[PDB]
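Structure record follows, encoded as structure tokens.
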Amino acid sequence: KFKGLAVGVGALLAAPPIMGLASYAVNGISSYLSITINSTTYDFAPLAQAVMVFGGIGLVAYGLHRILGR
Amino acid sequence: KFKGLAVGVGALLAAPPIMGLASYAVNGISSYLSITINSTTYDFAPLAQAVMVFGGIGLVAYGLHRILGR
Amino acid sequence: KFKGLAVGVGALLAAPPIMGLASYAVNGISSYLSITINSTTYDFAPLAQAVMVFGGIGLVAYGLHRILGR
Amino acid sequence: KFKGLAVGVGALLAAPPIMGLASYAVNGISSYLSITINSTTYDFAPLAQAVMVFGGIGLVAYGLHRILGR
Amino acid sequence: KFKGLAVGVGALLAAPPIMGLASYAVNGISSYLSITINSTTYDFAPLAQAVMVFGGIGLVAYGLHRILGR
Amino acid sequence: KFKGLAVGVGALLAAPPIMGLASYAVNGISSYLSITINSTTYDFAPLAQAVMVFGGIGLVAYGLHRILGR
Amino acid sequence: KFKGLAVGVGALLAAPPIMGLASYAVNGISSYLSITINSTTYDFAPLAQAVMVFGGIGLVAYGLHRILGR
Amino acid sequence: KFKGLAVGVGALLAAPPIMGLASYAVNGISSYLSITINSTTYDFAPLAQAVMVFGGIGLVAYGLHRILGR
Amino acid sequence: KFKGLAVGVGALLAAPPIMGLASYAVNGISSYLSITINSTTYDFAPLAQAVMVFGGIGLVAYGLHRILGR
Amino acid sequence: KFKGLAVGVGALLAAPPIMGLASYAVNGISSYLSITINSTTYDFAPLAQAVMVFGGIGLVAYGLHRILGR
Amino acid sequence: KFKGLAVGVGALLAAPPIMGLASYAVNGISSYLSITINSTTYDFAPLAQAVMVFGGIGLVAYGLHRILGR
């Protein structure tokens, strides 16, 4: 059972240095996520923000998940 | 029967050092779980909190579960 | 699991210097994306703009994606 | 049966001087396991830590394992 | 069994003077890993950084791996 | 195992004096990589630049690669 | 491995005095690459130009190539 | 049977004056087993150490081995 | 068996006065192992260094090797 | 075994007074290794330089090589 | 081994007074290497130049070559 167990543990241990990186990605990008037509520009910046947030909540699941079954 | 029995025992023995880790994950993440639009930010922090709590109650089941049948 | 894990990490790490380049491409092109018939010209410039923006939001997914399954 | 028996015994006898070494490896490495981007660095140090811990629990199995069947 | 056993041991013993070298390689290279177009340059430096980090975590596996089976 | 091990080590040791040379090649060439038609010339200079950058990231892999398997 | 290694190194070292020559060839030729029919002449001069440019980008590959495999 | 028997006996009798010598070799060498690049040197000294240790455990096998079959 | 046995012994006995010489060779050479193009020179000095180090670890094997089989 | 052994030793002993000579050859030649067409001359000088450098690294191999097998 | 060794040494020692001569030959000839048809003459002078340059690079090989094998 430890095969999955560690997979889970690792996934938990890896969540904060991944979500650390992840956020540096999304900030490094937010400048490049808005569509200017004339003068009025319209971002889709914080769409991609959410990508990260449910990715966040999601990883801490995967860990806790792979500890308890398929 | 001991094949499952130990699987259960292990799962109980492993519950507090897993929920130890787990919590360090969710705190290491709570900074990175909120979606700021203008100035007003809106977390989904404690959603992921719950992920852990029913994961908690859940593991102590799995242990006690694999001791008594499919 | 690290095989995919890194694939993900790399993909996140690579998102801002890719979206850096990408944007230099789309600006280097916007002059060459409009169809002049008589005198009235009609761009399709910012079509290609969007190409980049959902490409943007998309990469930060791929990273976070390859960390959690097929 | 002694063919496997000793394989097991050896594996047990070898567990503490292997996990002795192993740990010196993982400490000798933890300096070289973190990805600095600007100023903010983000380790994946203790991922590799776990590698050792379930490797640990795992070896003491292999010993006890090769004593009792395929 | 010692044939693999040592292969493993060696691999552990060799991990910190390899990851010592490895890092001197990646620093000796980071100057030569960025693509300047006009004035704005865009590195892919820390992509190659990660190459090393999962290489790191990976070696300490290989050691512990070749001790326990195919 | 040392047969591959050294191949790897060498490859790491050789990465910075190769990427040293490599860059002197690509600069010695960038003058000779642009196609002038009338007056307007159009380089493909920094295409060949990238050749080097993923060659870079690539070598530091090969080293770390030949240490761990086929 | 040095057999290929040097082949590569040489190829890099040889790229700028080859692309030096090469260009003197293509200029020495551009006078003799246009098909005059009546009065209107039509060159194919800069076709042969490109021959050199992708030859350029190509050599700096071959070098970096023969360092890393078949 | 004595043909192999003695081969074994000899091999046992020869193990401590061989491992006596062997160690004098590996110490006489450890000064000449480290790769200094700038100032930071990185040994591979104790790799070769292990060479001896599993050589050790190995000889005492060969003896006991050639007493009992192919 | 002594035919190989001595071959081994000799090889061990010969390792430190060979690696003594060897190193005097590689130092006597390191001045003559760097390729200067304009002003910037680029050594491949410590490539040849490694040649010696795995040669080192390798000899102490050959000795211990020729004591135990083909 | 000494037949090859000395061949090796000699080859090591001979490496620095050969690479001494060798370099005097390549300097005595570098004046006579460049192809001037009009006014612009283009050397292939440092091609031949490399000839020596991998010849260098190569000899110190041959020595260490002929000590350990075909 | 000295039979080839000297052949090599000699070949190195002989390279600069041969390439000394060689060049006096090719200059003594360059007047007599161009085909004049009407008034426009067309040399093949520097073809023969190259003959010497790769002859150059080539000799310094032969020396270093005959030191290390068939």
Open item on the list: Any residue that is of a type outside the set (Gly, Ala, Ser), within 9 Å of chain E (Cβ to nearest Cβ) and closer than 30 Å to E:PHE44 by Cα - is there at least one of those in the stretch D:1-24?
Closed with: no
- [ ] Looking at (1) touching a residue at least 12 places away in the same chain (Cβ under 8 Å); (2) closer than 15 Å to F:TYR32 by Cβ; (3) surrounded by 19 or more Cβ atoms within 10 Å (Cβ to Cβ), find the lone condition where G:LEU5 falls short.
- [x] (2)
Task: the stretch I:1-42: number of residues that are within 17 Å of J:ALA61 (Cβ to Cβ) and touching a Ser or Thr at 6+ places or on another chain (Cβ under 8 Å) - done: 1
Task: Exclusive hit being more than 7 Å from every other protein chain (Cβ to nearest Cβ), in contact with a helix residue (DSSP H, G or I) (Cβ under 6 Å, 6 or more places away or on another chain) and small (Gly, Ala, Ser), set C:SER39, C:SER30 - done: C:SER30
Open item on the list: Looking only at the stretch K:20-70, filter to residues that are aromatic (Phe, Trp, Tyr) and free of Cβ contacts under 8 Å to residues at least 24 places away in the same chain; which one of those is surrounded by the fewest Cβ atoms within 10 Å (Cβ to Cβ)?
Closed with: K:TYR32
Task: helices (runs of 4 or more DSSP H) contained entirely in chain K, each with at least 2 residues that are under 9 Å from the mean Cα position of the chain (by Cα) and not polar (S, T, N, Q) - done: K:15-30, K:45-66
- [ ] Kindly check whether there is at least one residue in the stretch E:57-66 that is facing chain D (nearest Cβ under 9 Å) and basic (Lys, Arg).
- [x] no
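We did not get these values from a lab; they are worked out from the coordinates using the rules stated. With ideal geometry, Cβ positions are generated from the backbone for all residues, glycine too; neighbour counts draw on all protein chains shown.
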